[PDB]
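Enquirer: Just so you know, the sequences run in chain order A and B.
FYI, the numbering for the first sequence is 11 to 122, 131 to 168, going by UniProt numbering.
FYI, the numbering for the second sequence is 11 to 122, 131 to 168, going by UniProt numbering.
Protein chains: 2
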Amino acid sequence: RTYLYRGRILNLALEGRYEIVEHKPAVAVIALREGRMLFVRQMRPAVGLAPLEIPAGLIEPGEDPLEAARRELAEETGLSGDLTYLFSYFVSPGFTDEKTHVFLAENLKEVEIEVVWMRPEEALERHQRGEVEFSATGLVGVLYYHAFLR
Amino acid sequence: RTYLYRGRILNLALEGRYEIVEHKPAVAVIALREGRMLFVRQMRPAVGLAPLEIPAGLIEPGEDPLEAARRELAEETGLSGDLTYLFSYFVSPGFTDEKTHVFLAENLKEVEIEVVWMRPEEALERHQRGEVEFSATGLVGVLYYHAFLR
Ligand SMILES: [Zn+2]
Ligand SMILES: [Zn+2]
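What follows is the structure in structure tokens.
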């Protein structure tokens, strides 16, 4: 376990042959209101475009997943709600340890980059047409809706 | 765009303030047979455990997504089938450009690490019980099944 770089949101290490990127865990929030899912978009320099995502962010020190979810929902959309843990996933276990905890948000109330309310069916249609790209969180949100929220 | 490392499956660069990990695009294959989904597990040093995933891999030079999907299905499970493109997603746009192309595989036939045939309902139940972890591809497979394959 030799480190080649220790940055702000990630560290680059090596375990003999495997290249490993240590990354802070994250959260994502699925929220549906009047048939529209709460998507967000922001410039993502790593990909050069703004994919359709859902409120999400890194868990801060001292924070647990639930608290981070509450914070990201409020900071990115100015909303609060009743949160329920759904499931988790490793974004790409072949090279990074980033783990994402997904929550469902209900009974949204306004308490205070781009907020994109859109029907999941439309988000899927646009993607299939090549009009918009998805982040893992965005796709998970869309599939979750089609599977359990209709 | 300054590079700090150029490795085998990834490069670590910087765009002023943003730390960016360039990564080859990948593919994942969703396959259902007699109610069981085709999951695979392998030791993942980056996470220290073996999450439930679906056949997947990096696209090789000269290969397009469809061809890579065919290859990974055959190399990891020894199967071939009729493939259909479903959708794509960026695993974690906040720091990497890894894009995953997801395919559906039907009419599987045997042509030649661990193959785990399991009902998606059971995979979800086990995860909720904390018995197994999911990779993004595994979760996408499970949600896709619940949404469109029942
Ligand atoms: Zn944030
Ligand atoms: Zn492979």
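All residues carry an ideal CB built from backbone N, CA and C; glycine is no exception.
#1: Going by the beta-carbon positions, is the gap between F152 of chain B and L14 of chain B smaller than 8 Å?
#2: Got a sec? Which residues, its chain only, sit under 7 Å from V121 of chain A by beta carbon, not counting five neighbours each side?
#3: Can you confirm whether the region 65-83 of chain B touches the region 134-146 of chain A when touching is taken to mean that 3 or more C-beta pairs between the two stretches lie within less than 8 Å?
#4: Quick test of the definition: if touching needs 3 or more C-beta pairs under 8 Å, does the region 88-107 of chain B touch the region 53-73 of chain A?
#5: With respect to the beta strand (DSSP E) encompassing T12 of chain A, which residues constitute its N-terminal and C-terminal limits?
#6: Assign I40 of chain A to one of two classes, buried (16 or more other C-beta atoms within 10 Å of its C-beta) or exposed (fewer than that).
#7: Grab me the residues of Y163 of chain B's own chain with a C-beta within less than 8 Å of its C-beta, minus the 5 sequence neighbours each way, in chain order.
#8: Comparing the C-beta of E29 of chain A with each C-beta of chain B, is any distance below 8 Å?
#9: Go through its chain and collect everything with a Cβ distance to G45 of chain A's Cβ below 8 Å, but skip five positions before and after it.
#10: Check whether the Cβ atoms of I30 of chain B and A38 of chain B sit closer than 8 Å, and answer yes or no.
#11: Quick one: what does DSSP say residue 127 of chain A is sitting in, helix, strand or coil?
#12: Please report how far the alpha carbon of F100 of chain A lies from the alpha carbon of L59 of chain A, in whole angstroms.
#13: So which residues of chain A does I40 of chain B contact, with C-beta pairs closer than 7 Å?
#14: Kindly examine ligand 2 and report whether one of its heavy atoms sits closer than 7 Å to the Cβ of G26 of chain A.
#15: On the DSSP bridge list, what partners appear for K34 of chain A?
#16: Collect the residues with a C-beta less than 6 Å away from any heavy atom of ligand 1 and give them in sequence order along the chain.
#17: Note down, in chain order, all residues in the region 71-100 of chain A with a beta-carbon under 8 Å from any beta-carbon belonging to chain B.
#18: What do you get for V158 of chain B, buried or exposed, if any count of 16 or more other CB atoms within 10 angstroms of its CB means buried?
#19: Anyone know if the C-beta pair for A115 of chain A and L68 of chain A falls short of 8 Å?
Expert: Taking the structure as given:
#1: Within the second sequence, residue 152 of chain B is the residue found at index 134, counting from 1. Within the second sequence, residue 14 of chain B is the residue found at index 4, counting from 1. No, they are not a contact pair.
#2: As a working mapping, residue 121 of chain A is identified with position 111 in the first sequence. The beta carbon of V121 of chain A is closer than 7 Å to those of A84, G88, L89 and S90 in its chain, skipping five residues each way along the sequence.
#3: By the C-beta criterion, the region 134-146 of chain A is judged not to be in contact with the region 65-83 of chain B, since fewer than 3 inter-stretch pairs fall below 8 Å.
#4: Because the criterion of three Cβ pairs below 8 Å is met, the region 88-107 of chain B and the region 53-73 of chain A touch.
#5: The residue you call residue 12 of chain A lines up with position 2 of the first sequence. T12 to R16 is the span of the beta strand (DSSP E), which, as asked, contains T12 of chain A.
#6: Taking the first residue of the first sequence as 1, we reach residue 40 of chain A at position 30. It is buried - the Cβ of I40 of chain A has at least 16 other Cβ atoms within 10 Å.
#7: One-based indexing of the second sequence puts residue 163 of chain B at position 145. Here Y163 of chain B has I40, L42, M47 and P138 as same chain residues with Cβ atoms under 8 Å from its own Cβ, once five neighbours each way along the sequence are excluded.
#8: As a working mapping, residue 29 of chain A is identified with position 19 in the first sequence. At a cut-off of 8 Å, the C-beta of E29 of chain A has a neighbouring C-beta in chain B.
#9: By one-based count along the first sequence, residue 45 of chain A stands at place 35. For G45 of chain A, where only same-chain residues beyond five positions count, the Cβ hits under 8 Å are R137.
#10: Counted from its first residue, the second sequence places residue 30 of chain B at position 20. Counted from its first residue, the second sequence places residue 38 of chain B at position 28. Their beta carbons are not under 8 Å apart, which means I30 of chain B does not touch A38 of chain B by this criterion.
#11: One cannot assign coordinates to residue 127 of chain A, given that chain A in this structure leaps from 122 to 131.
#12: For the purposes of this step, residue 100 of chain A is identified with residue 90 of the first sequence, where counting begins at 1. For the purposes of this step, residue 59 of chain A is identified with residue 49 of the first sequence, where counting begins at 1. Distance between the alpha carbons of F100 of chain A and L59 of chain A: 23 Å.
#13: Taking the second sequence and counting its residues from 1, one reaches residue 40 of chain B at position 30. Going along chain A, no residue has its Cβ under 7 Å from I40 of chain B, so there is no contact; the nearest lies around 11 Å.
#14: One-based indexing of the first sequence puts residue 26 of chain A at position 16. Outside the cutoff, so no.
#15: Sequence index remark: in the first sequence, residue 34 of chain A carries index 24 (1-based). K34 of chain A pairs with nothing; no bridge assigned.
#16: Here the residues come out as A:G67, A:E82, A:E85 and A:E86.
#17: Within the region 71-100 of chain A, the qualifying residues are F97, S98, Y99 and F100.
#18: As a first step, residue 158 of chain B must be located in the second sequence, where it is residue number 140. Per the 10 Å Cβ criterion, buried.
#19: The count along the first sequence starts at 1 and reaches residue 115 of chain A at position 105. The count along the first sequence starts at 1 and reaches residue 68 of chain A at position 58. Against a cut-off of 8 Å, the Cβ pair of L68 of chain A and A115 of chain A comes out as no contact.
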